[PDB]
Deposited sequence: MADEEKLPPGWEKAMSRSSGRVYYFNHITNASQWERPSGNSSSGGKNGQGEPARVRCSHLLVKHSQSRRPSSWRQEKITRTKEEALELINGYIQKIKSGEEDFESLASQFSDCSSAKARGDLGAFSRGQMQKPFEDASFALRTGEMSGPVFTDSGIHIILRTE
């Protein structure tokens, strides 16, 4: 029926059908369109107090809760989707990964290199697509597939 990971859902607020991907946590109104050895992705990471290393270039000791990190992630996604902010700008300013200095770009990678939830989401995105919140031991990620 639908591409890998996608399913139909019903909006509670509006009643209209939408589509949700349980691998990437993406959601959208439009029906999803249409695997490579390698993909190229950028990401924006928000760490929290239970991250494997609760420290980053932005903060020596990260104290925000997981719930607070998810709220920050949700807000970044909202501004990216409305066009108020670009993914690259938010990643450079607010990502708790040192890849912030390269606008979030991780370069190209294969399966078996990244943490599993990150890898699975990266390879389930189509080129140009963006994930919802993706949870790893490092924190919560927004992933943008660029190639």
| property | result |
| --- | --- |
| Unmodelled ranges, which are counted on the deposited sequence from position 1 and given in order | 1 to 5, 40 to 50 |
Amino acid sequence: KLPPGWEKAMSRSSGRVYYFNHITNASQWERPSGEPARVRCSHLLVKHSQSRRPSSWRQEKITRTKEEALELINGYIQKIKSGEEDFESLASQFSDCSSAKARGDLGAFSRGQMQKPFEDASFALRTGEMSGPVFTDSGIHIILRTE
From here on, numbers count along this sequence of modelled residues.
property	result
Higher-scoring stretch by recorded Cα B factor average, 92 to 100 or 50 to 58	50 to 58
Stretch with the higher entry mean CA B-factor, where the candidates are 12 to 20 and 133 to 141	12 to 20
Residue with highest C-alpha B-factor in the PDB entry, from 120, 84, 105, 35	35
CA B-factor placement of residue 27, once the chain's modelled residues are sorted into thirds	lowest
Ranked against its chain, the third holding the CA B-factor of residue 41	lowest
Third of the chain's Cα B-factor distribution that residue 69 belongs to, per the entry	middle
Chain-relative CA temperature factor third for residue 116	middle
